[PDB]
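S.K.: Could you have a look at this structure, given as structure tokens, before my questions?
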Amino acid sequence: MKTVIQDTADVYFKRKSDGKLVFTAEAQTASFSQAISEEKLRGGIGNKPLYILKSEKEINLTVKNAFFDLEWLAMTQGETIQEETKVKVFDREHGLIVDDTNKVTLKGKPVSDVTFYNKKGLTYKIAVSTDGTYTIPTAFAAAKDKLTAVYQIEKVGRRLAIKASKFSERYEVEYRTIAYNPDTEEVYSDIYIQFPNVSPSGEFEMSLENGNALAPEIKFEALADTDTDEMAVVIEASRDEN
Amino acid sequence: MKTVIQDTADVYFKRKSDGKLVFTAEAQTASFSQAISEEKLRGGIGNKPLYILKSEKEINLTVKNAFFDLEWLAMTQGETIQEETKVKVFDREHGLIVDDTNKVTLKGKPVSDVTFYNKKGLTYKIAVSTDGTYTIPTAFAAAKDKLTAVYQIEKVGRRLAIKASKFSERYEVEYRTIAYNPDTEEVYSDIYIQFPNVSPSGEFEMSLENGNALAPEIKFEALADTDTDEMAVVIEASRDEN
Amino acid sequence: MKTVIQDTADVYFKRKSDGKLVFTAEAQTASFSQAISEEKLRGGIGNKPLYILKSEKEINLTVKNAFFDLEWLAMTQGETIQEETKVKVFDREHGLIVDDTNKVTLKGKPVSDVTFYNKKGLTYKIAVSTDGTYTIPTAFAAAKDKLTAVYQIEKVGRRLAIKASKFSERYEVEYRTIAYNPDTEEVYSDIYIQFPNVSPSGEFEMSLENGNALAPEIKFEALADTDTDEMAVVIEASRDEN
Amino acid sequence: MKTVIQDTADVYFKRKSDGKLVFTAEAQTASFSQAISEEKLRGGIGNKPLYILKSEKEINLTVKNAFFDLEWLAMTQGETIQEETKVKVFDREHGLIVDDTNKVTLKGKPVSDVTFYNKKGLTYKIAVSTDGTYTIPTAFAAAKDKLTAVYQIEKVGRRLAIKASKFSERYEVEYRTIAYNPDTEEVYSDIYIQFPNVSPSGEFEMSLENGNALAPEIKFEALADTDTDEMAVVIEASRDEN
Amino acid sequence: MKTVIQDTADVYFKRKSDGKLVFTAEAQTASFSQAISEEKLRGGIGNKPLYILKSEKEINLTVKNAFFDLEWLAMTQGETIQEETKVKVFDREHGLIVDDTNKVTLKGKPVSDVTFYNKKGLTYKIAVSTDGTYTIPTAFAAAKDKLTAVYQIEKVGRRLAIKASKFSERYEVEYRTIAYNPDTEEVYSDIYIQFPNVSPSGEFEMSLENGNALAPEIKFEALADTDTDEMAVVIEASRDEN
Amino acid sequence: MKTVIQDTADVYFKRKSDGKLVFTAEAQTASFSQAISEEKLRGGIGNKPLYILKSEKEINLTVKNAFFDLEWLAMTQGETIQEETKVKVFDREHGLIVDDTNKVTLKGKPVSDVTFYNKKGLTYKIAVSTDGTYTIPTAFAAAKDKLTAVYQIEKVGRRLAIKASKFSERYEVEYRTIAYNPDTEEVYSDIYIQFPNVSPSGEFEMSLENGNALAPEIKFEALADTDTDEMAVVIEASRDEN
Amino acid sequence: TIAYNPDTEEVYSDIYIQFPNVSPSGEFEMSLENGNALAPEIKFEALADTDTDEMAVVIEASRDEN
Amino acid sequence: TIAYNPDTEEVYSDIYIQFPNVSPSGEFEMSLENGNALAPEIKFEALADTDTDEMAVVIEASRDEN
């Protein structure tokens with residue numbers, strides 16, 4: 001039946017090896033496209049077409065979300081997220097006042113050499129202090145000087161590694177959307193588009209800009225199923241025949 | 001007569017071997033274009049053009065609709081829609097509360113393993129249970145813990161399959177529109193454009209965006225009729241001579 | 001004299017073989033352009049230009065109209081328009097009610113097997129009956145079910161055929177515009193641009209969009225005259241010298 | 001001195017063969033540009049540039065006017081305007097009423113066959129009657145039937161012919177513009193950019209569109225002078241020293 | 001130190017051969033850019049990047065001013081401005097009334113043939129009259145016929161010549177701008193960017209359009225110093241340490 | 001966990017050889033991107049995709065700041081800032097009034113020849129006066145007429161040099177951003193994208209335009225780590241598990 | 001084949017080239033490549049006719065003389 | 001021909017190459033094609049001078065020493 005589609009899709013990804021299931025229900029774009037190669041075989045007196053050679057049917061997918069998820073990076077890289085891993089990150093503490101006896105005391109737990117910045121913009125790299133007390137030179141600051149310290153600390157959290165020779169697995173994807181009724185103006189059916197053998201594409205981009213909410217985007221390439229030789233299945237199951 | 005056209009076309013497609021007929025009366029664009037290859041033959045002292053070699057008269061068609069219809073994808077793929085087919089789709093259930101004995105009861109009909117999601121985005125893939133009771137570990141959730149279950153269910157509906165080796169048949173297309181009278185401002189005639197041997201083009205794209213009504217689009221390539229060697233026929237039958 | 005041009009041109013095409021004359025006076029654009037090939041000879045100590053080789057003067061024309069005219073398509077195709085030809089077109093009938101005895105009666109005169117559409121987009125192809133009464137199965141509709149019928153009818157009108165091996169003949173084009181007098185703001189003269197040997201170009205496009213008035217457009221290529229070796233003649237005739 | 005230029009240039013062209021002089025003072029754009037070819041000679045260890053090779057100094061000009069002149073087309077084509085020449089142009093008469101005896105009387109002086117157009121856009125090509133009375137068939141029109149006649153007439157005016165193998169000769173061009181004084185806001189000098197030896201360029205385009213005032217444009221290519229080997233002489237002559 | 005730059009730069013050019021110094025303090029854009037060529041050397045199993053080859057470090061400069069200087073054109077051409085040179089330019093005067101005895105008296109100092117223009121755009125090229133009285137033919141004008149005369153006069157001014165085989169020598173360039181303080185909102189420092197060996201680029205363009213103030217633009221290519229192998233030097237000098 | 005990112009990233013760079021640490025906390029853009037090379041291996045009857053070859057995983061970075069830092073230019077060039085260096089720059093003095101005895105006295109400390117500019121843009125280069133008194137010729141200026149002097153002075157400050165055969169060395173970059181909770185609208189975690197082994201790209205551009213604040217931009221290319229073969233490490237440590 | 005008329009762009013005549021005694025040449029090649037449409041090719045060697053001693057006859061027959 | 005100066009970018013010298021006893025070679029070709037400007041070409045064979053036994057002399061004359 002001729003129906004109206006005015007919404008986006010809810011997307012489900014599944015991994016073929018172990019069945020790891022991811023889903024997104026706050027998408028902003030879900031699209032797929034098909035392209036083939038055509039050529040004309042000609043001859044005779046007139047240069048008139050005699051045959052058409054068609055081959056290389058190819059299908060691509062693109063999904064663009066509204067929130068951020070590390071699992072999307074996982075699918076793109078074909079890696080795994082290690083939970084509760086210890087990591088070493090940078091930290092900044094600014095506003096330390098040099099005392100009368102040119103001693104500065106840190107309020108954090110450094111792991112590497114501390115670097116101090118004076119108001120003019122010069123650097124001084126000292127090693128870690130046991131009591132966290134540093135004898136700053138008089139040529140750097142004298143008294144009532146606000147200085148800044150940049151040191152590495154230790155943190156625990158999730159971790160994902162992007163290796164130089166690790167690629168992606170094969171997945172099974174499905175979009176779901178709804179189709180309305182032009183006459184009655186009420187939901188008529190549910191439309192499911194299923195791809196049974198896809199490969200995540202290795203090209204992605206992440207761009208952080210001030211005042212802009214990040215919308216990550218992922219791409220896939222659809223391949224023919226190993227036995228049924230399908231590439232995609234479109235289903236328009238209705239809401240009264242279930 | 002010099003007339004004014006200010007509307008789009010109603011489109012009719014007919015399959016050759018079978019005779020299956022599809023019509024669209026809510027179109028948004030119907031266009032056709034012609035291209036031709038030209039070359040000049042030069043010579044003599046002045047190096048002046050002497051002859052023009054012309055060949056390769058090619059015609060293309062494009063139709064863009066306002067509603068969605070699966071038969072358009074059927075024409076593009078050269079396949080058939082199988083009514084009332086059983087299919088496996090995904091479903092989501094929100095708000096399951098883990099009870100005192102750490103047990104969650106499902107109100108659906110899963111077919112595969114049920115995957116559970118806690119509020120911190122962690123997964124637990126339990127196999128299907130008979131009664132529909134699942135013992136969620138204490139390390140996963142506690143009393144009054146909303147969870148999520150993603151399971152596969154069964155539905156029935158129309159199914160269309162896209163394969164890697166099946167292509168399109170040959171069709172017969174016709175546009176119909178109306179032409180007005182500049183002097184009297186009333187409908188003067190009906191204009192019919194008939195293509196008797198076309199081939200659907202395998203290139204298409206379907207993009208679902210939030211808040212945007214989908215307008216599907218299809219393309220064809222026109223070929224010369226095998227008997228009459230016609231590529232298209234334009235008719236401007238009047239509304240007084242019928 | 002230095003004059004002002006602020007208008008389009010009335011165009012007068014005319015075939016050479018027979019003298020068939022077509023004229024348009026509601027044009028929207030009339031343009032012509034000239035191109036030429038240049039090259040430089042170099043040599044000596046310094047690599048200085050020593051000669052400019054000029055050749056291949058070419059002229060093209062473009063006309064864009066405000067009304068639709070089948071004779072323009074005839075001119076592009078170099079083909080004639082047959083008058084009062086019998087043609088077989090499509091027609092649609094909506095709202096046929098299935099009676100108590102599942103009989104549907106058509107009000108038209110089908111010339112091929114009718115196709116019926118129910119409210120759920122299902123088709124039923126039945127050969128044309130004598131009285132125009134058809135027995136719709138109860139599995140299709142029972143009673144008070146609006147149905148749609150698509151059948152072919154016969155009409156009388158003009159007909160133009162586009163063939164795969166038919167090309168255009170030669171014409172003689174001429175524009176005409178008026179030039180104003182900057183000092184006195186009155187029509188000073190008439191400007192005629194005459195091309196005596198042109199060839200219509202087969203590239204054309206017809207796009208029908210809802211809410212948009214069609215503006216057809218045609219192109220020509222100008223060639224040198226056989227004897228006088230002219231390509232175009234510009235004439236400015238004053239309105240006092242006649 | 002540092003001055004402000006905020007105007008266009010009055011342009012003067014002069015033919016070298018005979019001294020024929022054309023000027024335009026209602027110009028709209030006057031520009032000239034210089035291009036040159038450079039390359040680097042490298043070598044040794046490190047692949048560092050050891051030399052720069054420069055050659056091919058070229059200069060181009062462009063002038064765009066506000067009025068229309070046949071003289072500019074004459075410069076581009078290197079032809080001559082043969083004033084007061086007899087020409088054969090088209091004309092059209094609307095409203096000829098066919099009288100009772102089916103006769104139409106023309107009020108013009110045809111030279112070729114008259115073509116009649118009826119209300120439905122059908123043609124009738126009659127030869128030239130002496131008295132100017134034509135017998136229109138009953139199958140074409142009846143009493144009180146406004147018809148239209150298209151015929152060729154004779155006029156006199158200036159004729160410019162564009163040829164397939166005729167090119168342009170050399171010229172001498174000069175711009176003129178004024179410069180202001182940023183301190184006193186008064187004219188300080190006059191800039192006279194002079195090109196001793198240029199060549200008109202064959203590229204040309206005329207486009208007539210409804211409601212648009214035509215602005216013709218011409219392009220030149222500057223060449224080195226025969227003896228002094230100059231290509232342009234920028235002069236800034238003050239108006240308090242002449 | 002982290003500062004804010006929100007202005008252009010005063011620009012200074014100095015010639016190497018003789019030390020001629022030019023400066024611009026009303027600039028509108030001063031920019032420089034660096035480009036380099038990079039390649040990857042790969043090999044082994046896995047095709048991994050094993051080395052990076054980088055070379056051809058190149059630097060370019062661009063300056064755009066707000067006033068007009070002939071010295072900029074001299075700099076680009078590598079030539080010299082010759083002060084107080086006699087030149088022959090065009091002049092024109094409107095409204096010469098032809099008297100009763102068809103004599104027109106010029107009020108200028110012609111050097112070449114005087115060309116007369118009537119109100120109908122026709123020319124008459126008369127030689128130079130000793131007294132300055134010209135006998136205009138009665139077939140050209142009559143009593144009270146305002147005419148136009150175009151003739152060449154003599155003036156004195158600065159002359160710059162552009163030749164086909166002369167290029168630019170080497171220069172030394174410097175930009176100067178100021179850098180503010182984010183905290184105190186006061187000027188903090190002066191930024192000097194010095195290029196010690198540049199070559200002016202021969203590409204330039206000068207376009208004069210009505211109502212548009214001309215902004216000339218010049219480009220340079222920076223080259224390594226012959227002994228220090230420096231391409232540019234950036235100096236950030238404070239206003240308290242001088 | 002599905003989170004919202006709406007901010008930029010604080011960026012930290014560290015030099016590998018000596019540990020010199022730079023940071024920016026007023027950034028405007030921090031992005032990284034991944035690219036990969038894919039190819040399809042086909043064969044057999046049907047020309048079907050039989051294998052996919054993937055290699056050349058490449059990662060790039062781009063940072064765009066809001067303030068100016070000479071250290072960024074040093075990082076791109078792989079050079080060092082030699083603070084407190086003596087430099088020779090240009091200076092300008094306006095309003096020098098020529099006295100009765102055509103003597104002009106400077107108020108600065110010239111190092112090289114002083115160049116004088118009169119009101120008509122004429123130059124006069126004189127050597128350095130011991131006392132600072134110059135005898136301006138009466139042919140240049142007479143009295144109560146203001147002149148301009150351009151001379152070189154000496155200053156002290158930082159100095160970064162750019163050479164033709166010095167490139168950048170390897171660094172270690174890290175971003176930091178915060179993520180929000182869609183339900184509670186509170187900060188949930190911190191994201192630390194870490195690149196262990198990058199290479200600065202020697203392609204920058206500085207453009208100073210009037211009334212436009214400058215935002216410098218730097219680029220990097222990430223390389224695989226020598227032992228772990230990682231290219232980047234996305235970390236999403238939380239703010240309640242820490 | 002057909003020959004066109006440069007002045008009027010209409011088929012002027014038909015051109016027939018007849019060889020009355022040829023011998024097929026045994027050299028031939030058949031190459032099957034994926035994605036490539038095969039175009040077979042054959043060669044002949046022309047010999048003089050036994051009696052008339054002709055080797056080939058070129059005929060141009062106009063479309064108005066039949 | 002002329003020879004430049006890598007340092008000063010100005011013309012430095014004139015290079016003269018002198019052959020005192022040559023024989024023009026009889027091989028030549030002249031081809032006229034539409035749209036192609038003809039560039040004729042000639043060849044010689046250099047022979048030893050009858051008394052000095054020189055086949056060629058290369059002279060590099062400066063523009064300041066003449």
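In the structure tokens, the first chain shown is A, the next is B, and so on; residue numbers restart at 1 for each chain, and ligands run from 1 in the order shown.
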Based on the backbone DSSP call, show me all residues of segment 3-162 of chain E assigned strand (DSSP E), as a ChimeraX atom specification.
M.R.: /E:10-15,21-24,27-43,48-65,82-97,103-105,114-117,123-126,133-135,146-162
S.K.: Please return, as a PDB file with C-alpha atoms, in the first residue's frame, all residues of chain F lying within 8 Å of chain A when only C-alpha atoms are considered.
M.R.:
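To be explicit, this is the file written out as iface_1.pdb:
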```
ATOM      1  CA  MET F   1      26.942   4.372  28.497  1.00  0.00           C
ATOM      2  CA  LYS F   2      25.297   6.857  26.124  1.00  0.00           C
ATOM      3  CA  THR F   3      26.560  10.352  26.952  1.00  0.00           C
ATOM      4  CA  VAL F   4      26.483  13.854  25.464  1.00  0.00           C
ATOM      5  CA  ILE F   5      29.606  15.789  24.453  1.00  0.00           C
ATOM      6  CA  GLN F   6      29.205  19.525  23.898  1.00  0.00           C
ATOM      7  CA  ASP F   7      32.662  21.062  24.488  1.00  0.00           C
ATOM      8  CA  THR F   8      36.182  21.245  23.088  1.00  0.00           C
ATOM      9  CA  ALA F   9      39.254  19.513  24.542  1.00  0.00           C
ATOM     10  CA  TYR F  12      48.686  18.667  26.145  1.00  0.00           C
ATOM     11  CA  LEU F  21      55.662  20.042  28.133  1.00  0.00           C
ATOM     12  CA  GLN F  28      38.642  26.231  19.684  1.00  0.00           C
ATOM     13  CA  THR F  29      38.935  22.941  17.779  1.00  0.00           C
ATOM     14  CA  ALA F  30      40.579  19.578  18.442  1.00  0.00           C
ATOM     15  CA  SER F  31      39.948  16.801  15.932  1.00  0.00           C
ATOM     16  CA  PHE F  32      41.429  13.510  14.776  1.00  0.00           C
ATOM     17  CA  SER F  33      40.576  11.340  11.795  1.00  0.00           C
ATOM     18  CA  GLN F  34      41.274   7.844  10.484  1.00  0.00           C
ATOM     19  CA  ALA F  35      41.673   6.656   6.898  1.00  0.00           C
ATOM     20  CA  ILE F  36      42.293   3.209   5.437  1.00  0.00           C
ATOM     21  CA  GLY F  46      29.904 -13.910 -12.314  1.00  0.00           C
ATOM     22  CA  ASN F  47      32.781 -11.637 -11.217  1.00  0.00           C
ATOM     23  CA  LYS F  48      31.855 -11.774  -7.578  1.00  0.00           C
ATOM     24  CA  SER F  55      45.909  -1.821   4.740  1.00  0.00           C
ATOM     25  CA  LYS F  57      45.701   2.630   8.483  1.00  0.00           C
ATOM     26  CA  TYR F 192      41.212  11.238  27.417  1.00  0.00           C
ATOM     27  CA  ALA F 224      52.218   3.471  15.550  1.00  0.00           C
ATOM     28  CA  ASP F 229      51.914  -0.882  17.996  1.00  0.00           C
ATOM     29  CA  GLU F 230      49.073   1.301  19.304  1.00  0.00           C
ATOM     30  CA  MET F 231      48.123   4.510  17.517  1.00  0.00           C
ATOM     31  CA  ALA F 232      45.591   5.974  19.961  1.00  0.00           C
ATOM     32  CA  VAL F 233      43.964   5.065  23.264  1.00  0.00           C
ATOM     33  CA  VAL F 234      40.448   6.305  23.979  1.00  0.00           C
ATOM     34  CA  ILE F 235      39.751   6.329  27.722  1.00  0.00           C
ATOM     35  CA  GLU F 236      36.431   7.110  29.405  1.00  0.00           C
ATOM     36  CA  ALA F 237      37.281   7.163  33.107  1.00  0.00           C
ATOM     37  CA  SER F 238      34.267   8.007  35.265  1.00  0.00           C
ATOM     38  CA  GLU F 241      34.533   5.108  40.246  1.00  0.00           C
ATOM     39  CA  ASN F 242      37.627   7.279  40.759  1.00  0.00           C
TER      40      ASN F 242
END
```
S.K.: Using only C-alpha atoms, which residues of chain A come within 9 Å of chain G, and what is the closest atom pair for each, with the distance in Å to one decimal? Give it as a tab-separated table, sorted by chain and residue number.
M.R.:
```
residue	atom	partner	partner_atom	distance
A:41	CA	G:37	CA	8.2
A:45	CA	G:1	CA	7.2
A:53	CA	G:37	CA	8.4
A:55	CA	G:35	CA	8.1
```
S.K.: By how many Å are atom CA of residue 186 of chain B and atom CA of residue 143 of chain D apart?
M.R.: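 Answer for the atom CA of residue 186 of chain B to atom CA of residue 143 of chain D separation: 24.6 Å.
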S.K.: May I ask which of the residues H:49, H:33, H:60, H:65 is the closest one to residue 44 of chain B, counting only C-alpha atoms?
M.R.: H:33
S.K.: Hey, what's within 12 Å of residue 141 of chain B if we count only C-alpha atoms and toss same-chain stuff fewer than 2 positions away? As a CSV table (one decimal) with N, CA and C atoms, in the first residue's frame, please?
M.R.:
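Final output, saved to part31.csv:
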```
chain,number,residue,atom,x,y,z
B,96,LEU,N,11.7,-3.3,33.1
B,96,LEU,CA,11.7,-4.5,33.9
B,96,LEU,C,12.4,-4.3,35.2
B,97,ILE,N,11.7,-4.5,36.3
B,97,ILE,CA,12.2,-4.3,37.7
B,97,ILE,C,12.7,-5.6,38.2
B,98,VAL,N,13.9,-5.7,38.7
B,98,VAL,CA,14.4,-6.9,39.4
B,98,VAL,C,13.8,-7.0,40.8
B,99,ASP,N,13.2,-8.2,41.0
B,99,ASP,CA,12.5,-8.4,42.3
B,99,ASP,C,13.4,-8.7,43.4
B,100,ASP,N,12.8,-9.0,44.6
B,100,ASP,CA,13.6,-9.3,45.8
B,100,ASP,C,14.6,-10.5,45.6
B,101,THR,N,14.1,-11.5,45.0
B,101,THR,CA,14.9,-12.7,44.7
B,101,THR,C,15.7,-12.6,43.5
B,102,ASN,N,15.9,-11.4,42.9
B,102,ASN,CA,16.7,-11.2,41.8
B,102,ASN,C,16.2,-12.0,40.6
B,103,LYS,N,15.0,-11.8,40.2
B,103,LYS,CA,14.3,-12.5,39.1
B,103,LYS,C,13.5,-11.5,38.3
B,104,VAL,N,13.6,-11.6,36.9
B,104,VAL,CA,13.0,-10.7,36.0
B,104,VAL,C,12.1,-11.6,35.1
B,116,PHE,N,20.4,-8.4,28.4
B,116,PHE,CA,19.9,-7.4,29.4
B,116,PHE,C,20.9,-6.3,29.6
B,117,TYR,N,20.4,-5.1,29.7
B,117,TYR,CA,21.1,-3.8,29.9
B,117,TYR,C,20.7,-3.2,31.2
B,118,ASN,N,21.7,-2.9,32.0
B,118,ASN,CA,21.5,-2.1,33.2
B,118,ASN,C,21.6,-0.6,33.0
B,119,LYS,N,21.5,0.2,34.0
B,119,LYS,CA,21.5,1.7,33.8
B,119,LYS,C,22.9,2.2,33.4
B,120,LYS,N,23.9,1.4,33.6
B,120,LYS,CA,25.3,1.9,33.3
B,120,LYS,C,25.8,1.3,32.0
B,121,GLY,N,24.9,0.8,31.1
B,121,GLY,CA,25.3,0.3,29.8
B,121,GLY,C,26.2,-1.0,29.9
B,122,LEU,N,25.8,-1.9,30.7
B,122,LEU,CA,26.5,-3.2,30.7
B,122,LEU,C,25.5,-4.3,30.3
B,123,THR,N,26.0,-5.3,29.6
B,123,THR,CA,25.3,-6.4,29.0
B,123,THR,C,25.4,-7.7,29.7
B,124,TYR,N,24.3,-8.5,29.6
B,124,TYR,CA,24.2,-9.8,30.2
B,124,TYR,C,23.4,-10.7,29.2
B,135,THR,N,17.2,-15.2,36.3
B,135,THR,CA,17.9,-14.9,37.6
B,135,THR,C,19.0,-14.0,37.4
B,136,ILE,N,18.8,-12.7,37.6
B,136,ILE,CA,19.8,-11.7,37.3
B,136,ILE,C,20.8,-11.7,38.5
B,137,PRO,N,22.1,-11.7,38.2
B,137,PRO,CA,23.1,-11.8,39.3
B,137,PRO,C,23.0,-10.5,40.1
B,138,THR,N,23.4,-10.6,41.4
B,138,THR,CA,23.5,-9.4,42.3
B,138,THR,C,24.6,-8.5,41.8
B,139,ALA,N,25.6,-9.0,41.1
B,139,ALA,CA,26.6,-8.1,40.6
B,139,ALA,C,26.1,-7.3,39.4
B,143,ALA,N,17.5,-4.7,44.1
B,143,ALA,CA,16.0,-4.4,44.2
B,143,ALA,C,15.7,-3.0,43.6
B,144,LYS,N,14.6,-2.9,42.9
B,144,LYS,CA,14.1,-1.7,42.3
B,144,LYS,C,15.1,-1.1,41.3
B,145,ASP,N,15.5,-2.0,40.3
B,145,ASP,CA,16.5,-1.7,39.3
B,145,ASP,C,15.8,-1.8,37.9
B,146,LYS,N,15.5,-0.7,37.3
B,146,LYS,CA,15.0,-0.8,35.9
B,146,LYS,C,16.1,-1.3,35.0
B,147,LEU,N,15.6,-2.3,34.1
B,147,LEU,CA,16.6,-2.9,33.2
B,147,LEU,C,16.0,-2.8,31.7
B,148,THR,N,16.7,-3.4,30.8
B,148,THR,CA,16.3,-3.5,29.4
B,148,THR,C,16.6,-4.9,28.9
```
S.K.: Using DSSP on the backbone, list every residue of chain A that comes out as alpha helix (DSSP H), and give them as a VMD selection string.
M.R.: chain A and resid 70 to 77
S.K.: Could you write out that same residue set with C-alpha atoms as a PDB file, in the first residue's frame?
M.R.:
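Below is the file that was written, again_38.pdb:
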```pdb
ATOM      1  CA  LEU A  70      32.520   3.862  22.888  1.00  0.00           C
ATOM      2  CA  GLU A  71      31.012   0.667  21.466  1.00  0.00           C
ATOM      3  CA  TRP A  72      30.745   2.331  18.049  1.00  0.00           C
ATOM      4  CA  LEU A  73      34.502   2.882  18.111  1.00  0.00           C
ATOM      5  CA  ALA A  74      34.772  -0.765  19.158  1.00  0.00           C
ATOM      6  CA  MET A  75      32.786  -1.939  16.123  1.00  0.00           C
ATOM      7  CA  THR A  76      34.794   0.273  13.781  1.00  0.00           C
ATOM      8  CA  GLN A  77      38.101  -1.039  15.146  1.00  0.00           C
TER       9      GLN A  77
END
```
S.K.: Identify, on the basis of only C-alpha atoms, every residue whose closest approach to residue 106 of chain E does not exceed 10 Å; exclude the query and any residue fewer than 5 positions from it along the same chain; express the result as a list in words.
M.R.: residues 93, 96, 114, 129, 131, 132, 133, 134 and 149 of chain E
S.K.: Take atom CA of residue 46 of chain G and atom CA of residue 16 of chain G and report the distance between them in Å, one decimal.
M.R.: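 Pair atom CA of residue 46 of chain G / atom CA of residue 16 of chain G returns 16.0 Å.
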S.K.: One decimal, Å: what's the distance from atom CA of residue 18 of chain C over to atom CA of residue 111 of chain D, could you say?
M.R.: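 Answer for the atom CA of residue 18 of chain C to atom CA of residue 111 of chain D separation: 16.8 Å.
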S.K.: Leaving out residue 198 of chain A and any residue of its chain fewer than 2 positions from it, which residues lie within 8 Å of it when counting only C-alpha atoms, given as a PyMOL selection string?
M.R.: chain A and resi 170-173+195-196+200+220-223
